[PDB]
């Protein structure tokens, strides 16, 4: 009973398979991100977080039997999701047109803040973030265009860009850095991620799967 989610006409299939790793994932949750301008929420993109199918078995031990309300208030739960021994696939699909530099600027800002926050922002991470930036420079995201973050548990962040919502066959870059690899997802569902839409989806959707 793992359904699909549609955000501003941008649909997120309940399941997807990576053309890069062959692994299959289930939709953990989908929401929206944008900017608050003059007290008004201006939507810029849709975001969906996919978890490798094996995430269920991994999370089962500690979080089966827990209620959605309980999971939602438990930071540890989200930590297991963020740093769990399974691949996470994040798909951002634009609502409003953003260039690669424009979009990446905010993402990188949050990633850097997180990294410095937890004391893991050294030269290696800075270089990884520059490589991150470089990968986005030649890209533009018109409405519907997407960015795919493949978070490998092996400490690598794969970056893919699509003209639309379809997963590209090949990745544009590989950011090989452990800290940075989870930084993106951390800024989406981590403790210091204000927006709760993705967290709420995860808390609401996981219990059913964890129970069976």
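Numbering follows the first chain given and starts at 1.
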Revision key, fill the gap. Stretch with higher mean Cα temperature factor, 174-182 vs 58-66, is 58-66
Study note, to complete from the structure: Chain thirds by Cα B factor, record data; residue 49 belongs to the middle
Exercise for review: Using the B-factor values recorded in the entry, state whether the Cα atom of residue 89 falls in the lowest, middle or highest third among the modelled residues of its chain.
Suggested key: lowest
Practice item. Taking the chain's C-alpha temperature factors as the reference, tell me which third residue 97 falls into: lowest, middle or highest. Key: lowest
Point to revise | Position of residue 169 among the chain's modelled residues by C-alpha B-factor, lowest, middle or highest third | key: highest
Point to revise | Cα B factor band for residue 149 (lowest, middle or highest third within the chain) | key: lowest
